[PDB]
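Participant: here's my sequence, what's the structure:
(chains A and B)
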Number of protein chains: 2
Amino acid sequence: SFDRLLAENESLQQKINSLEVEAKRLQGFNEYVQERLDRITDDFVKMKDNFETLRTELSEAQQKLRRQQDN
Amino acid sequence: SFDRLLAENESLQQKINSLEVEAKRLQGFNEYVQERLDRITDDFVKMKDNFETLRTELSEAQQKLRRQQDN
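Facilitator: Numbers count the residues shown, from 1 in each chain, chains lettered A, B, ... in the order given. Here you go, the structure:
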């Protein structure tokens, strides 16, 4: 009577193979990336803000240093 | 006869709910993150190498500029 669900039984098992291999491996990667997703941000976003300071300063500094840079 | 597989039939369907919702959503995130994983790297790794140059230069530049910075 419930023979179609039996036909789906062999279908489920093989269909899940694509899922268990995918979702799990994914989670491992998402676990890995999450570490650097946060860690990179700080050193990145802060160093950009910190970079403009060094940039403008040095950018003018360089034009003056080419005149007298410990000379 | 194959009644146990029928018992597993109702088990498969409900077990896959946790997978289809997980793996797929994951893939969407991994698709998203992949864009920034590469994009951040360049601006990050290169700006670090570029930062040491600006750092040392300005670091000495600042000590000289406090003597004469367009004065």
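
Participant: which parts of chain A sit against chain B?
Facilitator: Chain A has residues A:2, A:5-6, A:8-9, A:12-13, A:15-16, A:19-20, A:22-23, A:26-27, A:29-30, A:33, A:36-37, A:40, A:43-44, A:47-48, A:51, A:54-55, A:57-58, A:60-62, A:64-65, A:68-70 near chain B, with proximity defined as C-beta under 8 Å from any C-beta of the partner chain. For every residue, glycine as well, the C-beta is placed using N, CA and C.

Participant: in helices, which of those appear?
Facilitator: Judged by DSSP state H, helices contain the following of those: A:5-6, A:8-9, A:12-13, A:15-16, A:19-20, A:22-23, A:26-27, A:29-30, A:33, A:36-37, A:40, A:43-44, A:47-48, A:51, A:54-55, A:57-58, A:60-62, A:64-65.

Participant: contact partners for the closest residue to chain B within chain A?
Facilitator: The minimum distance from chain A to chain B, using C-beta to the nearest C-beta, falls at residue A:23 (3.1 Å). Listed by C-beta atoms under 8 Å, 6 or more residues apart in numbering or on different chains, the contact partners of residue A:23 are B:19, B:22, B:23, B:26.

Participant: let's see it at 10 Å
Facilitator: Applying C-beta atoms under 10 Å, 6 or more residues apart in numbering or on different chains to residue A:23 gives the contacts A:16, B:18, B:19, B:20, B:21, B:22, B:23, B:24, B:25, B:26, B:27.
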